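J.: Everything below, folded, please.
(chains A, B and C, ligands or ions: 6)
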Amino acid sequence: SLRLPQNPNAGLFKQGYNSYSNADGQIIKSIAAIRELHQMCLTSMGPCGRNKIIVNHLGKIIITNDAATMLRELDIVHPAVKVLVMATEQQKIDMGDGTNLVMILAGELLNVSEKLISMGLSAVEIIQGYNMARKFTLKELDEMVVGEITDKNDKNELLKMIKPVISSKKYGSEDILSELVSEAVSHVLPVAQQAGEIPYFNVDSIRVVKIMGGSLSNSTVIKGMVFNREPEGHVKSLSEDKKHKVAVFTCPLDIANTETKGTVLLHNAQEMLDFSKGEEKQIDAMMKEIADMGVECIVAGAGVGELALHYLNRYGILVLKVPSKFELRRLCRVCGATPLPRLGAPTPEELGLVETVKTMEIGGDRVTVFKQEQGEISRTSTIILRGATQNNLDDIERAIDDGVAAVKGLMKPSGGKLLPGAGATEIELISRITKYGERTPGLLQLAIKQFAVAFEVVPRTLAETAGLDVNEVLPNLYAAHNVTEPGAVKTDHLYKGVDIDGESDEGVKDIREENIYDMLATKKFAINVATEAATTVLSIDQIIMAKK
Amino acid sequence: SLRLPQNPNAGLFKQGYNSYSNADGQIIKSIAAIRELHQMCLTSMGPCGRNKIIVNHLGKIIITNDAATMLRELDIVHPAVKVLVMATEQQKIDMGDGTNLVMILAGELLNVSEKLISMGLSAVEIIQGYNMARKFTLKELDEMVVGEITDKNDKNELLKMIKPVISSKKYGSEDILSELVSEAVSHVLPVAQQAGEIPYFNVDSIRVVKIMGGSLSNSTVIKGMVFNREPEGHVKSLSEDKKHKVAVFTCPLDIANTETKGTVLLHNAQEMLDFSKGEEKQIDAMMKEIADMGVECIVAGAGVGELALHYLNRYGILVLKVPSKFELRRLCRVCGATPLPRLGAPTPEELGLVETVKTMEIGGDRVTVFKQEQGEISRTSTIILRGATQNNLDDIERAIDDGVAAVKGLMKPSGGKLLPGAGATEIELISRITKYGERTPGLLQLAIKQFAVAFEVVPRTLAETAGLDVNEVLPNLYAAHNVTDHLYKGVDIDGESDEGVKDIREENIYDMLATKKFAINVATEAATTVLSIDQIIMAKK
Amino acid sequence: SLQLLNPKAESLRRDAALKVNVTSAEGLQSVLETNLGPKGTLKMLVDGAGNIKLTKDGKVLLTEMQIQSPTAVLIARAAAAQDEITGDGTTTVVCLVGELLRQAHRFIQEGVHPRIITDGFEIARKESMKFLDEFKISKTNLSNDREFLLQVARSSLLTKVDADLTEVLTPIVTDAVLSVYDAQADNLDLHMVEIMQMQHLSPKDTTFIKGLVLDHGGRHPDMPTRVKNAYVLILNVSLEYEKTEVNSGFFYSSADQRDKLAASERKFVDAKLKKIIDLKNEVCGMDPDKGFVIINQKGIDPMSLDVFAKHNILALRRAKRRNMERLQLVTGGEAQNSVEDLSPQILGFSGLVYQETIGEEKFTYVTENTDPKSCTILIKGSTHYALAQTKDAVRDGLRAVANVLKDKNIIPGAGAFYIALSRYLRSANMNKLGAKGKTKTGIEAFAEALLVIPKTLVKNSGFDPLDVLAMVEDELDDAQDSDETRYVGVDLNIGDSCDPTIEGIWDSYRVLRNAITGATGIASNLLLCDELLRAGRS
Ligand SMILES: Nc1ncnc2c1ncn2[C@@H]1O[C@H](COP(=O)(O)OP(=O)(O)O)[C@@H](O)[C@H]1O
Ligand SMILES: Nc1ncnc2c1ncn2[C@@H]1O[C@H](COP(=O)(O)OP(=O)(O)O)[C@@H](O)[C@H]1O
Ligand SMILES: Nc1ncnc2c1ncn2[C@@H]1O[C@H](COP(=O)(O)OP(=O)(O)O)[C@@H](O)[C@H]1O
Ligand SMILES: [Mg+2]
Ligand SMILES: [Mg+2]
Ligand SMILES: [Mg+2]
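T.: Residues are numbered from 1 along each chain as shown, chains lettered A, B, ... in the order given. Ligands and ions are numbered 1, 2, ... in the order given. Below is the structure in question.
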């Protein structure tokens, strides 16, 4: 009576092991645990979304509104939350787009599931309700698609793709951020129209260089790569033009050393007198063949000895240090060169072409300019990013990567397949699934009708973060979808969407004029990952933890 | 596999409770635990027994060979020992003799049961084996008594009763200690031609007053009582007054006051002058009637005021405090008076007679001597012990208390008779129990044969404490009973014990019949309880 | 009496030890009670390091979570060894051992000795073996029925996952075991089928590949990614910096000798490269359309990668050791250690060779073989635990189907084997059995303990286990007098019985034979253990 039996036969497992089952409201506590981190990403959704500050154990601060980036530094405890954390990371890797949608959609499916479980629906019937409704959802997305990108590169068409993607990440000015990204994409495209070749694109081609100081309006696009380096012998503006011939050596420049027990052997004083002048003639003979080929610049991958740097300054040859690997690998893609390990005379067919190499002060340090020109086009262009704070420079770099990942979506599928933006995609699916829930007899219609209710979070979040009442604005939007379709074709009511601030009362007319659209390839995997993320949580009847 | 399940019953009851049950322990295990205290009593048995020093938490040291006294001052955590401890306490309270026999006999009955349980004999049939063997033992003790005596009066008749008891305790003194008890019993018994109807006798008739210093041979017997007090007011008159009337007053001597708290209320100064002489003449009126009756001694248990002591000093009347009430009734039995709580005046029928009173120092401290010669005393006496150490005289007082306890056990029933000692009776009981098992076939024969084996510890303890071999003298003792003269064979303690046979009638060493009957019944029941407890339940601390 | 032998020791015996084996096995079975069945619960394990293990397999629960009770350690080692050989039976043995102890514990309280109880277990188990010969149904492999392998594979798939992943993985496992069956009849499970974890798309997009896939790809850009006809050359020799033998080294007299001795490092590397070039001179016919690839077991010196780039030769380094043994089964060539002896016969053949670069890792795909002797299964998953959930689901389905092709017989599932033993052991005459008297009671405890598994299946469906088995016993009563032999199963969807042969529910032969034999020895040794103590020097 004084002390409990304290769960007899609990010694079967260690004291750190705990058992949590769907019974005793733990499945409700798991859903309630999602709402703790769900509201964190709700205020970050949309162009008006609010960025968040997360301080790790090392002191590094990353300010971003991206749900996939924020969940990386956070330490997660509840097991089912890690299902939602790792679900948003896959969306950022695969499509590089729609990361905040997976976080919000998978969290709302569990919120509407709390009412489904309370009514007595078993975990098996709830899973079957979302799987049957998702298959109908993916089929309706292909029916509601409007327009296409058609040609790969265009000045105007790239403003209907990258611009609406970067509008949510560091909104700021529209045309300023869109022109910087759209310029670097046109350089890495092989073009070659009418040739019938298979298009190709690399997401790691475009590199963002973070340089503090200045302003965003002072940023520009550089066709070549930009590094922070100090030339050893001399700096040269290379105003003599006629371009240049450049060679890249992944191996360092120095006398070849034996990998085992390199040692100087001198038997008599006769060999010692010629040992000092012998090493000078070796580098002279090797570097003379390079200078005879007209090579004004040499890219090195490791430390170069001083004896080798002497003869390079004699013929006026620049010296570049390219540490590690990936930094040197993208240099040859600019000039179209093939590295070779030997120090001998390079092949003229493997030599690159760079017209000018400049060194100027940007952020207070000397940077080398690899920028290319109109002719002899180059690939893997870099974008100089100027900013006052380094925290803004980090997320804009990820904001540009979101626009670069959107270019990848123009390659694998048949086209761009633009979808109505401003939340009009998830709203139209509500009326279609509602009709689909009635067409299915049985008890499975409860999970299907509530599956469309979870799509109401997109219009409510965009309206709440915009400073508008969700009770006045949201029902007024259904008035366009409540009139269904008339006796005549050509219905433009599908372009209605949610507006930020301004005059409210729905607004922005038809979004076709606003030019903001969504990607179909992004919405395909965004719904599949978010559904499986909530399905995994609902499919687990018992959760076991260790040590805590 | 690192941690045990802890059992489900761990949550039941509490962690402080400990359990010892069948197959869980005990079962000749706990019997091996009492062997440590059993060996303690084996070395203290007999006249050659060894005394044991015990220091209580208070610091008082009690040196004695009595098992009932030793086990009383020892704090023992083992519960089943208390069954044997409380068994020895009954022997001291009722009979007062045989405490060492109860602890030794009951301890061996559990030792001989070690072989019985090892053979698969259940404890249910073991209890029935000792019960039927105990009934046959008590029935055979009557035919072995050659010491039936109808006297219980003459002093020489007590040499076969009191003296054998004193032979065991403080064996260094025989005729000195026996004369002190035998003379004290002769004083407390009334002188008459024939005294029947079992005259009353109690252990309060003989007392022991221990005085430090002096040899034990210098001790004597005093018919009165010896208390340590300070006389006041005058020196005694010796025999000049011859027999003097002694008045014992329960209430103190002073002007009678109410139980409630009073105070003096004086309205005028006329009563103040008479207040000084008022209290003087008020108490003097009650003290004057006492001197007219010839009362030379007044005993008031409570404190006597100085106003009452003033008058009694000039008339030559003795005053003695006697603070303790228990010793107050003892002085009344010396003179034969009636304690009077009232003051009044002494009546002739209620006053006693004391021959003489003197104040002397036996050991250097002044004590008052109540010794009365030629006078009539009823159930009162004392024994003054003289010794160099206090601890040695402690067991001597217990030896005297055990000597007078035999008189109480002899006088109260029809009689205690006598039994042959020095291992004579214990060997005869072996042949009786052994032959009794063969008369009735059954499974109880195993418990009957082992019941007679436990009787071998008493006769060999006398040989073991004498520095003798139990594999020679003891086996040769059974051959001496082969066949009156075969019932008198016993154990010999001496350098002449090599023959192993000494006649008991020479030294006249006898034991009481009623003592052995009461000792076996308690020892058998004590060993029966240990075997009848299947499960033990302990507690925290 | 142990406290006298050791100053500090813990021991429990008789009724104290009898509650050890009964209660500890009851708590362990309760964890796997909700696991048994296709509708069973799904458990996730999260350790202190952050790893996540999500599976329905009872073996992962025992290995990841430590057990302090020594009684379950004997059961955990028995349930683990059951999945090792037979690939199935982990949760079955736990339910058998835990229940058989409780069914026999009621008579122990009645005063029946444990030995005569365990003696009846062997008498009742030997009858399950004699009945197993008439219970099993023979299947001839000469028919080559594909539908039979589909229904058997779905037995383990529907338990671990739902019907979504079952329909996808059903033809994959069947196509994997199809190449295992050969005229030699020998079935080798490890080399024929593998599990390769890669995160791509969704777990439901898992597809089957008819040729070996590797975790490595071409390091040099000019190496052709897609090669129409490639000749795979097996090389177990590594071209790279060697141990050099205590590093003796070079000593040069003049600076001209310093670079002259440095060229000796490439003398040994280029010596083995000339043999590959001479081997290419035989296959040079139709060089633009065809190709030549090299797969090495150990890392290759990047200094020599530029040699294979000029000749358009794909090089693969740091390959697994087991992958070297499968290159003869996939391509059809032979292995070559020393490059001195080279022949066109040892060269393999592939109809399609391509590489798919996803992220930083690059994977090489090989398919379209003339007569491929082995295949692969590419496991795709969304999350790290999703790769392990499919890994445990497919691997457990491998031993289930592989054991079918080993013997000629197959055991029907759906509790038809456990219900048949109940009517057999209870209605069998005891004079035929070697058990008599009190040993008759021990057989009844074994027959009643077998009816909990078909009842445990119903506990996960929500229906009353007592009412659903009332219709099963009533069907088997009239089936004997109607001259009709039909096996009655348990359908959890409608809460009624069914036929495992018509529904397609089948169980492996080696699983149930080793489970009952294994579960009997565990429970018998626990009932015969009357004392549990702990002693040792630490
Ligand atoms: N100015 C705007 N007006 C209306 N809707 C907008 C506007 N800018 C963005 N949106 C909508 O807000 C959504 C935000 O998408 P988001 O979840 O941020 O994508 P990601 O996580 O990949 O950055 C977009 O789908 C877009 O349709
Ligand atoms: N001088 C002696 N010679 C031989 N035996 C003696 C002598 N003195 C005592 N004994 C024996 O020693 C035994 C001591 O027994 P004891 O412990 O006094 O019995 P109880 O416990 O009844 O008092 C007596 O039975 C007596 O026969
Ligand atoms: N869909 C089903 N319907 C009826 N019974 C099934 C079904 N799936 C599995 N079972 C039964 O469950 C038992 C255990 O199957 P399984 O989980 O594969 O083995 P284990 O429990 O040893 O891991 C089998 O004997 C089988 O008869
Ligand atoms: Mg976006
Ligand atoms: Mg005595
Ligand atoms: Mg299985």
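J.: Skipping adjacent residues, who's closest to residue C:105 in space?
T.: Counting by CB to CB, 6 or more residues apart in numbering or on different chains, residue C:22 is the residue found nearest to residue C:105 once chain neighbours are left out, at 4.7 Å. (C-beta placed from N, C-alpha, C; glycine too.)
J.: mind listing what the one you found touches?
T.: C:101, C:102, C:105 (CB atoms under 8 Å, 6 or more residues apart in numbering or on different chains).
J.: Can you tell me which of the residues you listed has the most neighbours?
T.: Highest neighbour count within the contacts of residue C:22: residue C:101, with 27 neighbours (other CB atoms under 10 Å in any protein chain shown).
J.: surely that one meets residue C:21?
T.: Yes - under the criterion of CB atoms under 8 Å, residue C:101 makes contact with residue C:21 at 5.6 Å.
J.: In space, what's closest to the residue of the stretch 201-350 of chain C found nearest ligand 1 - neighbours in sequence excluded?
T.: In the stretch 201-350 of chain C, the residue that lies nearest ligand 1 is residue C:201 (18.4 Å; CB to the nearest ligand atom). Excluding its sequence neighbours, the residue lying closest to residue C:201 (CB to CB, 6+ apart) is residue C:380, at 6.1 Å.
J.: check contacts around that neighbour.
T.: Applying CB under 8 Å, 6+ apart, the residues contacting residue C:380 are C:198, C:199, C:200, C:201, C:202, C:203, C:205, C:206, C:207.
J.: thinking again about what came up before, among the contacts of residue C:22, which lie within helices?
T.: Per DSSP state H, helices hold the following members of the contacts of residue C:22: C:101, C:102, C:105.
J.: In contact with the first one, which residues?
T.: Just to be clear, that refers to residue C:101. Contacts of residue C:101 by CB under 8 Å, 6+ apart are C:21, C:22, C:25, C:26, C:523, C:526, C:527.
J.: Residue nearest the middle of chain C, spatially speaking?
T.: Per CA atoms, centre = their mean, the C-alpha nearest to the average position across chain C is that of residue C:395, at 3.6 Å.
J.: could you say which helix or strand contains the residue of the stretch 101-250 of chain C found nearest ligand 2?
T.: Closest approach between the stretch 101-250 of chain C and ligand 2, counting by CB to the nearest ligand atom: residue C:111, at 48.4 Å. Using DSSP states H and E, residue C:111 maps to neither a helix nor a strand.
J.: how close does it get to ligand 6?
T.: With distances taken as CB to the ion, to the nearest Å, residue C:111 is found 39 Å from ligand 6.
J.: Then residue A:547?
T.: 30 Å.
J.: mind listing what residue C:48 touches?
T.: A:16, A:546, A:547, A:548.
J.: one step back: quick one, phi psi at the spatially closest residue to the residue nearest to the centre of chain C that is not a sequence neighbour?
T.: Distances taken as CB to CB, 6+ apart put residue C:195 closest to residue C:395, at 6.3 Å, once the chain neighbours are dropped. Per-residue torsions, residue C:195: phi -120, psi 120 (degrees, to the nearest 10).
J.: Per the annotation, how does the chain divide into domains?
T.: Reading this off chain A. Here the domain parsing of chain A from curated CATH domains is A:1-148+A:417-548, A:149-223+A:376-416, A:224-375.
J.: nope, chain C
T.: In terms of domains, chain C is parsed into C:1-139+C:409-538, C:140-210+C:373-408, C:211-372 (source: curated CATH domains).
J.: Pull up the distance across the longest one, start to finish.
T.: Pointing back at domain C:1-139+C:409-538 there. Domain C:1-139+C:409-538 has an end-to-end distance of 22 Å (CA to CA, to the nearest Å).
J.: Then the last one?
T.: Across its full length, domain C:211-372 reaches 7 Å end to end, with CA to CA as the criterion.
J.: So that domain, near chain A or not?
T.: Yes - judged by CB under 8 Å from any CB of the partner chain, domain C:211-372 and chain A are in contact via C:222, C:241, C:244, C:247-256, C:258-259, C:261-262, C:265, C:303, C:306, C:359.
J.: Filter these down to the buried ones.
T.: Neighbour-count burial (16 or more other CB atoms under 10 Å in any protein chain shown) applied to the residues of domain C:211-372 next to chain A gives C:250-255, C:258-259, C:261-262, C:265, C:303, C:306.
J.: Kindly present those as CSV, with separate columns for distance to residue C:438 and secondary structure.
T.: Shown next, in CSV, are these (distance: CB to CB, whole Å; DSSP: H, G, I helix; E, B strand; the rest coil):
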residue, distance to residue C:438, secondary structure
C:250, 88, coil
C:251, 91, coil
C:252, 94, strand
C:253, 99, coil
C:254, 101, coil
C:255, 100, helix
C:258, 95, helix
C:259, 95, helix
C:261, 91, helix
C:262, 90, helix
C:265, 84, helix
C:303, 82, helix
C:306, 84, helix
